[PDB]
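In what follows, a structure is listed as structure tokens, so that the remarks can point back to it.
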Amino acid sequence: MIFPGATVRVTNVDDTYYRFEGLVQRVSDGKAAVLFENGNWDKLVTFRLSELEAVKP
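Take the sequence shown: its letter number 5 is residue 5 in UniProt numbering, and every next letter is one higher.
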């Protein structure tokens with residue numbers, strides 16, 4: 001149910017971006033590229049779907 005444009009939260013406690021929320025850019029092969037943003041800072045990271053949970057925008 002995670003699709004491009006959806007907002008997700010990272011749930012893997014061993015990940016740098018644990019609990020960060022970002023926008024899904026693309027989904028393929030059971031993985032999703034997520035864009036995190038904060039002012040002039042941003043980071044694009046690919047996660048396995050099992051490391052992400054859908055949340056409200």
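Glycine is no exception: its CB is placed at the ideal position from the N, C-alpha and C atoms.
When only Cα atoms are considered, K43 and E21 end up about 11 Å apart. Residue pairing by DSSP places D42 opposite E37 in a beta bridge. Contact between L23 and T7 holds, since their C-beta atoms are separated by about 6 Å, short of 8 Å. Taking each of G5, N38, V34, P4 in turn and checking the Cα distance to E51, the smallest one comes out for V34.
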